[PDB]
**Student:** 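Submitted below is the structure of interest, expressed as C-alpha cells.
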Number of protein chains: 2
Amino acid sequence: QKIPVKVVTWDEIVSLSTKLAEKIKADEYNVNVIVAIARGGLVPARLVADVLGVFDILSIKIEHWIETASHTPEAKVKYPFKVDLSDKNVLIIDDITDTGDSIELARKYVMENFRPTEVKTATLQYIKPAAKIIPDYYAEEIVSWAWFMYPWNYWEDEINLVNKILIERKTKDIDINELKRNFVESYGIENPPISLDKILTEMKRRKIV
Amino acid sequence: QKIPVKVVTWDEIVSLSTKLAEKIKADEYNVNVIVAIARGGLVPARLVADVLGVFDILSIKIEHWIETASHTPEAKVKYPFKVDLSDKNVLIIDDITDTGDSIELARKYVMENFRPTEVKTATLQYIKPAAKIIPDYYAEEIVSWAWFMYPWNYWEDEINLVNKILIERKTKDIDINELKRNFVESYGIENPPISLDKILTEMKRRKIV
Ligand SMILES: Nc1ncnc2[nH]cnc12
Ligand SMILES: Nc1ncnc2[nH]cnc12
C-alpha cells in the first residue's frame with residue numbers, strides 16, 4: 001500500500017534534459033523535427049530542442065485507456081492529424097519510458113502519418129524492469145519502479161496521491177494533519193512541492209471533493 | 001547598440017505560470033483544450049495545464065519571416081493541420097506578447113481550422129508599448145521593451161547574443177575575456193546561465209563560427 005514516489009526538481013529536469021541532448025550530439029543524429037508526446041514530453045522536448053538547435057517541434061496527445069472487466073490497457077492518439085515530414089529526421093520525445101506502450105504507439109503513428117526519412121525515440125527516464133521497448137536515447141536508467149513526480153505535474157500528481165488516501169478512510173477526516181502524516185507514511189514525502197491545503201482547495205474547486 | 005536583456009529563471013516561470021493560471025481560474029473560463037504556440041508556448045502551456053487540470057494540449061509551430069528589401073514582416077503556421085475541436089473551449093498559450101503578431105495569427109488559424117466553441121489567449125508576459133493585439137490573460141505587464149531570455153532558450157539566445165557582438169569586429173581569433181566584457185557592456189549580463197566557452201564550442205559544432 002506504500003507507493004515509491006520520487007520528487008523531481010527543475011534543476012534535475014535541466015540536468016537530465018541536457019544529458020539526453022549530449023547523447024544525441026555524441027551520436028551525431030541530425031534532428032530536423034522533434035515530435036513531443038503530449039502532455040509529458042512537451043517540457044523535455046523544448047529543452048532538448050534548445051541544446052541541439054532544433055526549430056521545429058510538433059506534438060501528439062496520447063491517451064491511455066483501460067477496459068474495466070478485462071483490465072486490458074490501450075493507448076490511443078487523440079485529435080490525430082497528418083503532416084508531411086518526408087526529407088526530415090524526427091526525434092520523438094517523452095518524459096519517461098515505463099511500460100514503453102507510449103513510445104511504441106508514437107513511433108508507429110509517426111512513421112505511418114508523417115512519413116519521415118528517419119525516426120528515433122528519447123525520454124528523460126527509462127525503467128529497465130518495466131519497459132517492453134527501450135528508447136534509442138535516455139538520460140537516466142531506473143532499475144527499481146517508482147512514480148516520478150515531475151515539476152510540471154506537481155498539482156495533478158498530488159491531487160491523485162491525496163485521492164488515493166481519502167478513498168481508504170472508513171470515516172471522513174478533515175484533519176489536514178492526518179492527511180500530511182499519511183502522505184509521509186505512504187509516499188515518503190515530508191514537504192510536498194505544493195502544500196496539501198492548496199491541493200484540497202483545488203480538489204474542491206474541481207468538484208473532486 | 002546596447003540591448004536591454006532580462007534573464008528569467010525557472011522560479012520566475014513557475015511563479016508567472018501559476019499567476020496566469022489563477023487569473024483564468026478567477027475568470028471561470030472552463031478550458032477543455034490548450035493549444036500551445038511552438039516553440040515558445042510549450043513550457044507555459046504544460047504548467048498552466050497542470051494548475052487548471054487540462055488533459056488535452058496541442059501545438060502549432062509559428063514561423064516569422066522578414067522580406068529583405070521591404071522589411072515586411074510575416075508570420076506563418078508551418079506544418080499546418082486540421083482537427084475537430086467543436087464542443088471545446090480552447091486556450092491558446094505563448095510565452096510573450098511582443099508585437100502581438102503571433103497570437104493574432106494563432107487565433108485566426110485556430111478559429112478557421114479547429115472550429116472550437118470558444119477561444120481565448122494567454123501569455124506569461126505582455127509588452128504594453130509594443131503590443132498591437134492584447135491577450136485575454138497575461139501574468140505580467142511589461143512597460144519598457146526588453147528581450148526576455150527564458151530558461152528554455154538560454155543556449156539559442158546566448159548564441160545569437162554572441163553572434164551580434166562578433167559581427168561588429170573584424171579580428172577573428174576570439175578573445176573570451178573580451179567577449180565576456182562586451183556581454184556585460186552590451187547586455188548587462190555578468191553571469192550568463194550557460195558559460196560563454198560552452199556557447200562558443202556549440203557555435204563551432206553548428207558551423208556558426
Ligand atoms: N512511473 C511513472 N512516473 C511518472 N509518470 C509516469 N507516467 C507513466 N509512468 C510513470
Ligand atoms: N521581447 C521578446 N523577448 C523574448 N522572446 C521574444 N520573442 C518575441 N519577442 C520577444
Side-chain angles (χ1 to χ4, degrees), chain A residues 3-8 12-13 16 37-41 43-44 50 55 62-64 66 73 75 94-105 123-132 135 138 140-154 156-158 160-161 187, chain B residues 3-8 12-13 16 37-41 43-44 46 50 55 62-64 66 73 75 94-105 123-133 135 138 140-154 156-158 160-161 187:
Chain A
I3 303 180
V5 174
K6 269 94 204 73
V7 177
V8 180
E12 289 171 336
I13 294 306
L16 294 158
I37 298 180
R39 297 173 298 169
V43 175
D50 185 36
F55 304 101
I62 291 181
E63 274 174 333
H64 301 89
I66 296 183
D94 205 1
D95 50 4
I96 187 160
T97 303
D98 192 342
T99 66
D101 276 11
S102 301
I103 59 177
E104 176 174 63
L105 170 63
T123 65
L124 298 179
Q125 278 144 162
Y126 151 65
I127 314 191
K128 201 196 203 308
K132 315 158 187 175
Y138 62 75
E140 189 196 11
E141 186 182 66
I142 304 299
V143 287
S144 158
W145 196 92
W147 184 259
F148 292 85
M149 205 168 136
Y150 301 114
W152 55 77
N153 232 129
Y154 284 165
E156 191 164 311
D157 274 0
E158 291 184 27
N160 289 333
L161 287 170
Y187 306 134
Chain B
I3 303 181
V5 175
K6 255 69 175 181
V7 177
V8 181
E12 291 171 339
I13 295 307
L16 293 159
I37 298 182
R39 296 172 300 169
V43 175
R46 185 60 189 92
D50 185 38
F55 304 100
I62 291 179
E63 275 172 333
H64 300 90
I66 295 184
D94 207 1
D95 48 5
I96 187 162
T97 301
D98 192 342
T99 66
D101 276 11
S102 300
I103 60 176
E104 178 173 60
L105 171 62
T123 66
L124 298 181
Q125 276 145 164
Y126 150 66
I127 314 192
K128 202 195 202 307
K132 118 192 69 70
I133 309 300
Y138 61 76
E140 190 197 11
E141 188 184 63
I142 304 301
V143 286
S144 156
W145 196 93
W147 184 258
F148 290 87
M149 204 168 135
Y150 301 113
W152 55 78
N153 232 131
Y154 286 165
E156 192 164 309
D157 275 3
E158 287 184 34
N160 292 330
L161 287 170
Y187 308 132

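In each ligand, atom 1 is the first atom listed, and ligand 1 is the first ligand listed. Within every chain, numbering begins at 1; the chains are lettered A, B, ... in the order of the sequence lines, protein sequences first and strands thereafter. Atoms considered below: every heavy atom in the structure, side chains included; atoms not considered: hydrogens, waters and symmetry mates.
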**Student:** Evaluate A/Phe148 for polar contact with ligand 1, using N/O atom pairs at a separation under 3.5 Å.
**Tutor:**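 By distance alone, the answer is yes.
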
**Student:** When you compare the side chain of A/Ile66 with that of A/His64, does any pair of heavy atoms fall below 4.5 Å?
**Tutor:**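 Answer no - side chains too far apart.
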
**Student:** Check B/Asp101 with B/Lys132, please: is the shortest side-chain N to carboxylate O separation under 4.0 Å?
**Tutor:**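 Looking at B/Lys132 and B/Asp101, the cut-off is met.
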
**Student:** First locate atom CD1 of A/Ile96, then atom CD of A/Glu140, and finally report the distance between them rounded to the nearest 0.5 Å.
**Tutor:**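 With rounding to 0.5 Å, CD1 (A/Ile96) is 8.5 Å from CD (A/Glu140).
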
**Student:** Considering only non-hydrogen protein atoms, determine which one is nearest to atom 9 (N) of ligand 1 and report residue, atom name and distance to 0.1 Å.
**Tutor:**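 Its nearest protein heavy-atom neighbour is A/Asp98 OD2, 2.9 Å.
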
**Student:** Below 3.5 Å, N or O to N or O, backbone or side chain included: is there any such pair between B/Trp147 and ligand 2?
**Tutor:**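 No: no nitrogen or oxygen of B/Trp147 is under 3.5 Å from one in ligand 2.
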
**Student:** For the side chain of A/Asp95 and the backbone of A/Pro44, is there at least one donor-acceptor N/O pair under 3.5 Å apart?
**Tutor:**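 Checking the backbone N and O of A/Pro44 against the side chain of A/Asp95, no donor-acceptor pair under 3.5 Å is found.
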
**Student:** Mark up the atoms of ligand 1 that fall under 4.0 Å of a heavy atom belonging to A/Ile96, in ascending order.
**Tutor:**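 In order of numbering, the contacting atoms are 5 (N), 6 (C), 7 (N), 10 (C).
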
**Student:** The criterion is side-chain hydrogen bond (donor to acceptor under 3.5 Å, both in side chains); which residues satisfy it with B/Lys6, sequence neighbours excluded?
**Tutor:**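 In terms of side-chain hydrogen bond (donor to acceptor under 3.5 Å, both in side chains), with neighbours along the sequence ignored, B/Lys6 is linked to no residue.
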
**Student:** Please identify which atoms of ligand 1 are closer than 4.0 Å to at least one heavy atom of A/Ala146.
**Tutor:**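 Checking each atom against A/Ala146, I get 1 (N).
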
